[PDB]
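Working notes, beginning with the structure itself.
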There are 2 protein chains.
Amino acid sequence: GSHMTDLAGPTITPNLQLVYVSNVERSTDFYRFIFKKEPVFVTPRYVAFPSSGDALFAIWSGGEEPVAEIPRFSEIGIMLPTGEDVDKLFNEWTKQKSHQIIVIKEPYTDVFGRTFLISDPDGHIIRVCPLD
Amino acid sequence: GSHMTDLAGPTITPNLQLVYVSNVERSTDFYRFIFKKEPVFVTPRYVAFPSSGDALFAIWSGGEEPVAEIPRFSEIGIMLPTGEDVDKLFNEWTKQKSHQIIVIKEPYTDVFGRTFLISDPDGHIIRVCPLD
Ligand SMILES: COc1ccc(C=O)c2nc3cccc(C(=O)O)c3nc12
């Protein structure tokens, strides 16, 4: 070709979503349950789960320990194909008994569509909604 | 009738990384600059950028406004092909003259290799680190 397209560095993508956890074992168990998936990389302080493409979601005990009382300003979002899927997942999580699932917001409509919020063991906010 | 017996729900993936922002237009400009990409969609309150694959990174003014000095317990991560790419990006971002970038931590080798930290306009932590 005549196409010198690789002279400006690698692409810059927010391909990691990382949350600080108090205990990696407990959070690994929690996210295995939420995602119905095994992690792709496991170490005692850092565990990664797949996202789309080359992106990852990771839990890490090397940051600052989360404090329950402190308000949070970001969310771990899970986009499902349809609004029916959102309601089915809410029903599944709130009916099953083994795993504690803390509901923060009941299903409602927001900018995302039909959506609900739960908390993880360290107070991280998880949103379920439809695909864009 | 149906010839399918699969009763599984849809794949559950953390495919939305969402942060709360005070000034959507300001944050749109910031992220357009650091990602060198246009948003997928823009509304007054809600803007998304591509992450990898089908995943998105989004900014939203409809949550709770982030407050300076409230500690944060999560990071927006940017994973690059090599450690050398990490140092090169820090040089690029600190050399350019057109956008203020607040540096939290200059480059160094952590337990996972070369890394640095910056802040976004609303105090969200952004980490640059290596894939490998
Ligand atoms: C923020 O933390 C990380 C980011 C990206 C990584 C790339 O795979 C990564 N890998 C690790 C491998 C071993 C141990 C740790 C640890 O932090 O103890 C790791 N932490 C990592």
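Residues in the structure tokens are numbered from 1 in each chain, the chains being A, B, ... in the order shown, and ligands are numbered from 1 in the order shown.
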Contacts of residue 112 of chain A at 8 Å (only C-alpha atoms; same-chain gap of 6+ positions) as an mmCIF file with N, CA, C and O atoms, in the first residue's frame:
```cif
data_model
loop_
_atom_site.group_PDB
_atom_site.id
_atom_site.type_symbol
_atom_site.label_atom_id
_atom_site.label_comp_id
_atom_site.auth_asym_id
_atom_site.auth_seq_id
_atom_site.Cartn_x
_atom_site.Cartn_y
_atom_site.Cartn_z
ATOM 1 N N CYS A 129 -28.914 -2.992 32.834
ATOM 2 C CA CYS A 129 -29.768 -2.219 31.933
ATOM 3 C C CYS A 129 -29.738 -2.902 30.566
ATOM 4 O O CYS A 129 -28.982 -3.834 30.346
ATOM 5 N N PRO A 130 -30.524 -2.380 29.596
ATOM 6 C CA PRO A 130 -30.465 -2.902 28.235
ATOM 7 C C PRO A 130 -29.213 -2.390 27.506
ATOM 8 O O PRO A 130 -28.651 -1.358 27.824
ATOM 9 N N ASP A 132 -27.433 -0.438 24.534
ATOM 10 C CA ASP A 132 -27.638 0.812 23.906
ATOM 11 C C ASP A 132 -28.206 0.594 22.503
ATOM 12 O O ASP A 132 -27.969 -0.476 21.896
#
```
Mind listing the residues within 8 Å of ligand 1, only C-alpha atoms and all ligand atoms counted, as a compact mmCIF listing (two decimals) with N, CA and C atoms, in the first residue's frame?
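To be explicit, this is the file written out as out-v9.txt:
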```txt
# COMPACT_ATOMS: atom_id res chain seq x y z
N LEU A 18 -11.38 -1.26 37.00
CA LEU A 18 -10.73 -1.84 38.15
C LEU A 18 -11.38 -1.31 39.40
N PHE A 41 -7.63 -14.54 34.77
CA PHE A 41 -6.31 -14.42 35.38
C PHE A 41 -6.53 -14.28 36.86
N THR A 43 -4.58 -14.20 40.66
CA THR A 43 -3.46 -14.09 41.59
C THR A 43 -3.99 -13.76 42.97
N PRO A 44 -3.19 -13.86 44.03
CA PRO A 44 -3.78 -13.64 45.36
C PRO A 44 -4.27 -12.18 45.61
N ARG A 45 -3.70 -11.18 44.91
CA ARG A 45 -4.07 -9.75 45.12
C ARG A 45 -4.86 -9.14 43.96
N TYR A 46 -4.96 -9.85 42.83
CA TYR A 46 -5.49 -9.25 41.58
C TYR A 46 -6.14 -10.36 40.78
N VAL A 47 -7.40 -10.18 40.41
CA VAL A 47 -8.16 -11.15 39.63
C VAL A 47 -8.88 -10.40 38.50
N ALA A 48 -8.80 -10.90 37.29
CA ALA A 48 -9.45 -10.30 36.13
C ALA A 48 -10.47 -11.23 35.53
N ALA A 58 -11.50 -5.98 36.71
CA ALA A 58 -10.57 -6.53 37.70
C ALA A 58 -10.87 -6.03 39.08
N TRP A 60 -8.88 -5.78 42.94
CA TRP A 60 -7.51 -5.60 43.39
C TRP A 60 -7.50 -5.23 44.86
N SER A 61 -6.69 -5.92 45.66
CA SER A 61 -6.54 -5.57 47.09
C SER A 61 -5.38 -4.61 47.35
N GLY A 62 -4.68 -4.12 46.33
CA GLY A 62 -3.57 -3.19 46.48
C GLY A 62 -3.90 -1.71 46.45
N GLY A 63 -5.16 -1.36 46.41
CA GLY A 63 -5.52 0.05 46.46
C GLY A 63 -5.80 0.49 47.89
N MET B 79 -4.90 -0.10 29.26
CA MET B 79 -3.83 -1.11 29.13
C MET B 79 -3.20 -0.98 27.75
N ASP B 110 5.35 -0.67 39.30
CA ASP B 110 4.56 -1.33 40.35
C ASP B 110 4.79 -2.85 40.30
N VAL B 111 3.97 -3.64 40.99
CA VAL B 111 4.13 -5.12 40.91
C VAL B 111 3.70 -5.63 39.66
N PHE B 112 3.05 -4.85 38.86
CA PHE B 112 2.58 -5.24 37.51
C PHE B 112 3.27 -4.46 36.35
N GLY B 113 4.41 -3.85 36.64
CA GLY B 113 5.12 -3.17 35.59
C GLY B 113 4.91 -1.68 35.57
N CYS B 129 -1.27 1.35 32.23
CA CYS B 129 -0.51 0.20 32.66
C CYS B 129 -0.32 -0.70 31.45
N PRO B 130 0.49 -1.77 31.61
CA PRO B 130 0.73 -2.65 30.43
C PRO B 130 -0.24 -3.88 30.35
N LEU B 131 -0.60 -4.37 29.14
CA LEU B 131 -1.40 -5.60 29.01
C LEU B 131 -0.66 -6.72 29.70
N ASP B 132 0.65 -6.76 29.41
CA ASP B 132 1.64 -7.75 29.74
C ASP B 132 2.77 -7.10 30.53
```
Over all C-alpha atoms paired in order - RMSD of chain B on chain A: 2.0 Å
Polymer residues at most 10 Å from residue 67 of chain A, only C-alpha atoms, same-chain spacing of 4 or more positions, as number ranges by chain: A: 22, 71-72, 122-123; B: 71-73
List every residue of chain B that has an atom at most 8 Å from any atom of chain A, and for each one report the closest atom pair and its distance in Å to one decimal, counting only C-alpha atoms, with rows sorted by chain and then by increasing residue number, as a Markdown table.
```
| residue | atom | partner | partner_atom | distance |
| --- | --- | --- | --- | --- |
| B:9 | CA | A:85 | CA | 7.6 |
| B:10 | CA | A:80 | CA | 7.0 |
| B:11 | CA | A:80 | CA | 7.7 |
| B:12 | CA | A:35 | CA | 5.1 |
| B:13 | CA | A:78 | CA | 5.7 |
| B:14 | CA | A:78 | CA | 4.8 |
| B:15 | CA | A:78 | CA | 5.6 |
| B:16 | CA | A:77 | CA | 4.4 |
| B:17 | CA | A:76 | CA | 5.5 |
| B:18 | CA | A:75 | CA | 5.2 |
| B:19 | CA | A:74 | CA | 4.2 |
| B:20 | CA | A:73 | CA | 5.4 |
| B:34 | CA | A:12 | CA | 7.4 |
| B:35 | CA | A:12 | CA | 5.2 |
| B:36 | CA | A:12 | CA | 7.2 |
| B:46 | CA | A:111 | CA | 7.8 |
| B:50 | CA | A:13 | CA | 7.7 |
| B:51 | CA | A:13 | CA | 5.7 |
| B:52 | CA | A:53 | CA | 4.9 |
| B:53 | CA | A:53 | CA | 4.1 |
| B:54 | CA | A:52 | CA | 5.9 |
| B:55 | CA | A:52 | CA | 5.8 |
| B:57 | CA | A:14 | CA | 6.9 |
| B:63 | CA | A:73 | CA | 7.7 |
| B:64 | CA | A:73 | CA | 6.7 |
| B:65 | CA | A:73 | CA | 7.4 |
| B:66 | CA | A:73 | CA | 5.8 |
| B:70 | CA | A:70 | CA | 7.5 |
| B:71 | CA | A:70 | CA | 7.7 |
| B:72 | CA | A:72 | CA | 7.1 |
| B:73 | CA | A:20 | CA | 5.4 |
| B:74 | CA | A:19 | CA | 4.2 |
| B:75 | CA | A:18 | CA | 5.2 |
| B:76 | CA | A:17 | CA | 5.4 |
| B:77 | CA | A:16 | CA | 4.4 |
| B:78 | CA | A:14 | CA | 4.8 |
| B:79 | CA | A:15 | CA | 6.4 |
| B:80 | CA | A:10 | CA | 7.2 |
| B:81 | CA | A:10 | CA | 7.5 |
| B:85 | CA | A:10 | CA | 7.7 |
```
How would the residues just picked look written out with N, CA and C atoms as a short mmCIF file (atom, residue, chain, number, x, y, z; two decimals), in the first residue's frame?
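Wrote part.cif, looks like this:
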```cif
data_model
loop_
_atom_site.label_atom_id
_atom_site.label_comp_id
_atom_site.auth_asym_id
_atom_site.auth_seq_id
_atom_site.Cartn_x
_atom_site.Cartn_y
_atom_site.Cartn_z
N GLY B 9 -29.79 -18.03 30.07
CA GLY B 9 -30.02 -16.61 29.79
C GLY B 9 -28.88 -16.10 28.97
N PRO B 10 -28.93 -14.81 28.66
CA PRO B 10 -27.89 -14.15 27.88
C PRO B 10 -26.60 -14.08 28.67
N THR B 11 -25.52 -13.90 27.97
CA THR B 11 -24.22 -13.66 28.60
C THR B 11 -24.27 -12.40 29.47
N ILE B 12 -23.66 -12.49 30.64
CA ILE B 12 -23.61 -11.40 31.60
C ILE B 12 -22.18 -10.86 31.61
N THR B 13 -22.00 -9.63 31.14
CA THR B 13 -20.67 -9.07 30.96
C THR B 13 -20.65 -7.67 31.52
N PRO B 14 -19.55 -7.29 32.22
CA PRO B 14 -19.37 -5.88 32.66
C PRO B 14 -18.88 -5.06 31.49
N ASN B 15 -19.80 -4.66 30.63
CA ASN B 15 -19.56 -4.02 29.37
C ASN B 15 -19.89 -2.52 29.35
N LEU B 16 -20.12 -1.93 30.52
CA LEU B 16 -20.38 -0.50 30.60
C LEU B 16 -19.51 -0.13 31.84
N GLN B 17 -18.65 0.85 31.63
CA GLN B 17 -17.93 1.52 32.69
C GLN B 17 -18.47 2.94 32.75
N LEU B 18 -19.15 3.30 33.80
CA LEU B 18 -19.86 4.59 33.86
C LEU B 18 -19.34 5.41 35.00
N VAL B 19 -19.09 6.70 34.75
CA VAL B 19 -18.66 7.61 35.78
C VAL B 19 -19.58 8.82 35.82
N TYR B 20 -19.79 9.36 37.01
CA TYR B 20 -20.64 10.54 37.20
C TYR B 20 -19.82 11.78 36.97
N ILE B 34 -8.14 12.54 25.40
CA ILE B 34 -7.24 11.47 25.85
C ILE B 34 -7.44 10.20 25.06
N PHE B 35 -8.65 9.88 24.61
CA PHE B 35 -8.87 8.69 23.83
C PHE B 35 -8.59 8.86 22.34
N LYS B 36 -8.51 10.09 21.86
CA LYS B 36 -8.38 10.40 20.42
C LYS B 36 -9.52 9.72 19.66
N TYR B 46 -25.77 12.50 29.05
CA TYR B 46 -25.28 11.12 28.93
C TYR B 46 -24.52 10.97 27.62
N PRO B 50 -16.56 4.44 22.72
CA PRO B 50 -16.22 3.04 22.56
C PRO B 50 -15.14 2.59 23.53
N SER B 51 -15.35 1.44 24.12
CA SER B 51 -14.26 0.73 24.63
C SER B 51 -14.00 -0.41 23.63
N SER B 52 -13.49 -1.48 24.13
CA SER B 52 -13.06 -2.54 23.26
C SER B 52 -14.28 -3.35 22.91
N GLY B 53 -14.32 -3.93 21.70
CA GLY B 53 -15.46 -4.74 21.35
C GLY B 53 -16.75 -3.97 21.38
N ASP B 54 -17.78 -4.57 21.96
CA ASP B 54 -19.10 -4.00 22.16
C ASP B 54 -19.26 -3.16 23.47
N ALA B 55 -18.18 -3.05 24.22
CA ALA B 55 -18.27 -2.37 25.51
C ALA B 55 -18.15 -0.84 25.34
N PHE B 57 -17.59 3.11 27.50
CA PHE B 57 -17.23 3.98 28.61
C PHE B 57 -18.17 5.19 28.56
N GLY B 63 -26.43 11.04 37.89
CA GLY B 63 -26.19 10.30 39.12
C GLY B 63 -26.11 11.27 40.30
N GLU B 64 -25.11 11.17 41.20
CA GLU B 64 -24.71 12.11 42.18
C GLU B 64 -23.38 12.84 41.84
N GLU B 65 -23.40 14.16 41.94
CA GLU B 65 -22.24 14.93 41.47
C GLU B 65 -20.98 14.55 42.27
N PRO B 66 -19.85 14.24 41.62
CA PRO B 66 -18.67 13.91 42.44
C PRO B 66 -18.20 15.15 43.09
N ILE B 70 -13.61 13.59 48.29
CA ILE B 70 -14.16 12.34 48.72
C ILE B 70 -13.29 11.22 48.12
N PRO B 71 -12.71 10.32 48.92
CA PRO B 71 -11.85 9.27 48.37
C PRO B 71 -12.59 8.38 47.40
N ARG B 72 -11.86 7.89 46.40
CA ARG B 72 -12.42 7.02 45.37
C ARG B 72 -11.82 5.62 45.53
N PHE B 73 -12.59 4.63 45.10
CA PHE B 73 -12.21 3.21 45.31
C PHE B 73 -12.23 2.41 44.03
N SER B 74 -12.02 3.07 42.89
CA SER B 74 -12.04 2.44 41.60
C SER B 74 -11.19 3.25 40.66
N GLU B 75 -10.82 2.64 39.52
CA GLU B 75 -9.97 3.26 38.52
C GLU B 75 -10.50 2.92 37.15
N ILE B 76 -10.34 3.90 36.24
CA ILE B 76 -10.48 3.71 34.82
C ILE B 76 -9.10 3.32 34.29
N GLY B 77 -8.95 2.13 33.75
CA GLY B 77 -7.68 1.65 33.29
C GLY B 77 -7.55 1.68 31.78
N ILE B 78 -6.34 1.98 31.34
CA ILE B 78 -5.91 1.97 29.95
C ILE B 78 -4.71 1.06 29.88
N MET B 79 -4.90 -0.10 29.26
CA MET B 79 -3.83 -1.11 29.13
C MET B 79 -3.20 -0.98 27.75
N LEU B 80 -1.89 -0.81 27.70
CA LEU B 80 -1.14 -0.66 26.45
C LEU B 80 -0.34 -1.86 26.11
N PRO B 81 0.18 -2.01 24.81
CA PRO B 81 0.84 -3.27 24.45
C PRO B 81 2.07 -3.55 25.31
N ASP B 85 5.43 1.61 26.10
CA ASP B 85 4.32 2.42 25.61
C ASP B 85 3.77 3.31 26.74
#
```
Every residue of chain A that DSSP places in strand (DSSP E or B), as number ranges by chain: A: 16-20, 41-42, 46-50, 56-60, 74-80, 102-110, 113-119, 125-130
Residues just named, written with N, CA and C atoms as a short mmCIF file (atom, residue, chain, number, x, y, z; two decimals), in the first residue's frame:
```
data_model
loop_
_atom_site.label_atom_id
_atom_site.label_comp_id
_atom_site.auth_asym_id
_atom_site.auth_seq_id
_atom_site.Cartn_x
_atom_site.Cartn_y
_atom_site.Cartn_z
N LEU A 16 -9.93 -1.30 30.82
CA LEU A 16 -9.92 -1.92 32.12
C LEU A 16 -10.83 -1.13 33.01
N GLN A 17 -11.62 -1.90 33.74
CA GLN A 17 -12.45 -1.33 34.81
C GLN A 17 -11.98 -2.03 36.09
N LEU A 18 -11.38 -1.26 37.00
CA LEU A 18 -10.73 -1.84 38.15
C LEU A 18 -11.38 -1.31 39.40
N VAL A 19 -11.69 -2.19 40.35
CA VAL A 19 -12.26 -1.79 41.64
C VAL A 19 -11.39 -2.32 42.78
N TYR A 20 -11.26 -1.52 43.82
CA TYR A 20 -10.49 -1.90 45.01
C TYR A 20 -11.39 -2.75 45.89
N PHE A 41 -7.63 -14.54 34.77
CA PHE A 41 -6.31 -14.42 35.38
C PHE A 41 -6.53 -14.28 36.86
N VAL A 42 -5.84 -15.15 37.63
CA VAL A 42 -6.04 -15.25 39.05
C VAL A 42 -4.70 -15.14 39.78
N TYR A 46 -4.96 -9.85 42.83
CA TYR A 46 -5.49 -9.25 41.58
C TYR A 46 -6.14 -10.36 40.78
N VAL A 47 -7.40 -10.18 40.41
CA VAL A 47 -8.16 -11.15 39.63
C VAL A 47 -8.88 -10.40 38.50
N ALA A 48 -8.80 -10.90 37.29
CA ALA A 48 -9.45 -10.30 36.13
C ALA A 48 -10.47 -11.23 35.53
N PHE A 49 -11.60 -10.66 35.14
CA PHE A 49 -12.71 -11.28 34.44
C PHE A 49 -12.84 -10.66 33.05
N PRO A 50 -13.38 -11.43 32.09
CA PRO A 50 -13.45 -10.85 30.73
C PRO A 50 -14.58 -9.83 30.60
N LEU A 56 -11.14 -5.91 30.19
CA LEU A 56 -11.20 -6.69 31.42
C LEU A 56 -11.90 -5.90 32.52
N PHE A 57 -12.48 -6.62 33.45
CA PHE A 57 -12.94 -6.13 34.73
C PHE A 57 -12.09 -6.75 35.83
N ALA A 58 -11.50 -5.98 36.71
CA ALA A 58 -10.57 -6.53 37.70
C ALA A 58 -10.87 -6.03 39.08
N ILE A 59 -10.57 -6.93 40.03
CA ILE A 59 -10.62 -6.66 41.45
C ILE A 59 -9.19 -6.70 42.03
N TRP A 60 -8.88 -5.78 42.94
CA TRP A 60 -7.51 -5.60 43.39
C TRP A 60 -7.50 -5.23 44.86
N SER A 74 -19.18 6.14 40.56
CA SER A 74 -19.05 5.36 39.36
C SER A 74 -19.82 4.06 39.52
N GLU A 75 -20.03 3.38 38.40
CA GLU A 75 -20.84 2.18 38.35
C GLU A 75 -20.19 1.14 37.44
N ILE A 76 -20.35 -0.12 37.82
CA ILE A 76 -20.07 -1.27 36.99
C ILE A 76 -21.34 -1.69 36.24
N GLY A 77 -21.43 -1.39 34.98
CA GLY A 77 -22.65 -1.60 34.22
C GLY A 77 -22.61 -2.94 33.44
N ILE A 78 -23.76 -3.58 33.40
CA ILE A 78 -24.02 -4.81 32.69
C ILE A 78 -25.18 -4.56 31.74
N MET A 79 -24.91 -4.54 30.45
CA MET A 79 -25.92 -4.29 29.44
C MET A 79 -26.35 -5.62 28.86
N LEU A 80 -27.66 -5.91 28.93
CA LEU A 80 -28.27 -7.16 28.45
C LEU A 80 -29.06 -6.85 27.16
N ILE A 102 -27.47 -7.48 47.65
CA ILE A 102 -28.00 -6.26 48.26
C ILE A 102 -28.54 -5.36 47.16
N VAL A 103 -29.86 -5.20 47.14
CA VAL A 103 -30.53 -4.33 46.18
C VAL A 103 -30.45 -2.89 46.67
N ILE A 104 -30.03 -1.98 45.81
CA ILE A 104 -29.97 -0.54 46.07
C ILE A 104 -31.10 0.23 45.40
N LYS A 105 -31.53 -0.18 44.21
CA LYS A 105 -32.62 0.47 43.51
C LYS A 105 -33.43 -0.64 42.83
N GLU A 106 -34.74 -0.67 43.08
CA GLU A 106 -35.66 -1.56 42.38
C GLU A 106 -35.73 -1.21 40.89
N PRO A 107 -36.13 -2.17 40.03
CA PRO A 107 -36.30 -1.83 38.61
C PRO A 107 -37.13 -0.57 38.36
N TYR A 108 -36.62 0.28 37.50
CA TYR A 108 -37.24 1.55 37.14
C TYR A 108 -36.73 1.93 35.77
N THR A 109 -37.21 3.07 35.23
CA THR A 109 -36.74 3.55 33.95
C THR A 109 -35.88 4.78 34.13
N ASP A 110 -34.69 4.76 33.55
CA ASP A 110 -33.79 5.87 33.52
C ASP A 110 -33.35 6.13 32.07
N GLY A 113 -32.93 3.10 29.95
CA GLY A 113 -34.05 2.19 29.89
C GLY A 113 -34.27 1.53 31.24
N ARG A 114 -34.92 0.37 31.19
CA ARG A 114 -35.29 -0.44 32.32
C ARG A 114 -34.02 -0.93 33.04
N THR A 115 -33.90 -0.62 34.34
CA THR A 115 -32.61 -0.73 35.02
C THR A 115 -32.80 -0.93 36.53
N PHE A 116 -31.82 -1.55 37.17
CA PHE A 116 -31.82 -1.67 38.61
C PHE A 116 -30.35 -1.58 39.10
N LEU A 117 -30.18 -1.36 40.41
CA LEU A 117 -28.86 -1.27 41.03
C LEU A 117 -28.73 -2.27 42.18
N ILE A 118 -27.58 -2.90 42.28
CA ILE A 118 -27.16 -3.67 43.47
C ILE A 118 -25.81 -3.12 43.92
N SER A 119 -25.41 -3.56 45.14
CA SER A 119 -24.10 -3.28 45.69
C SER A 119 -23.29 -4.57 45.76
N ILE A 125 -21.16 -0.02 43.18
CA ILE A 125 -22.46 0.03 42.53
C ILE A 125 -22.43 -0.76 41.23
N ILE A 126 -23.37 -1.69 41.06
CA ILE A 126 -23.55 -2.46 39.83
C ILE A 126 -24.91 -2.14 39.25
N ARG A 127 -24.93 -1.70 37.99
CA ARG A 127 -26.17 -1.41 37.26
C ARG A 127 -26.42 -2.46 36.20
N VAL A 128 -27.65 -2.94 36.11
CA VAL A 128 -28.09 -3.77 35.00
C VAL A 128 -29.06 -2.95 34.15
N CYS A 129 -28.91 -2.99 32.83
CA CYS A 129 -29.77 -2.22 31.93
C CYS A 129 -29.74 -2.90 30.57
N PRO A 130 -30.52 -2.38 29.60
CA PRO A 130 -30.47 -2.90 28.24
C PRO A 130 -29.21 -2.39 27.51
#
```
DSSP alpha helix (DSSP H) residues within segment 8-132 of chain B, listed as a list in words: residues 24, 25, 26, 27, 28, 29, 30, 31, 32, 33, 34, 35, 83, 84, 85, 86, 87, 88, 89, 90, 91, 92, 93, 94 and 95 of chain B
Coordinates-based distance that separates atom CA of residue 83 of chain A from atom CA of residue 28 of chain B (Å, one decimal):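 For atom CA of residue 28 of chain B relative to atom CA of residue 83 of chain A, the distance reads 28.0 Å.
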For atom CA of residue 33 of chain A and atom CA of residue 99 of chain A, the interatomic separation in Å (one decimal):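 Taking atom CA of residue 33 of chain A and atom CA of residue 99 of chain A, their separation equals 8.1 Å.
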Atom-to-atom span, atom CA of residue 86 of chain B and atom CA of residue 39 of chain B, Å: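 For atom CA of residue 86 of chain B relative to atom CA of residue 39 of chain B, the distance reads 23.8 Å.
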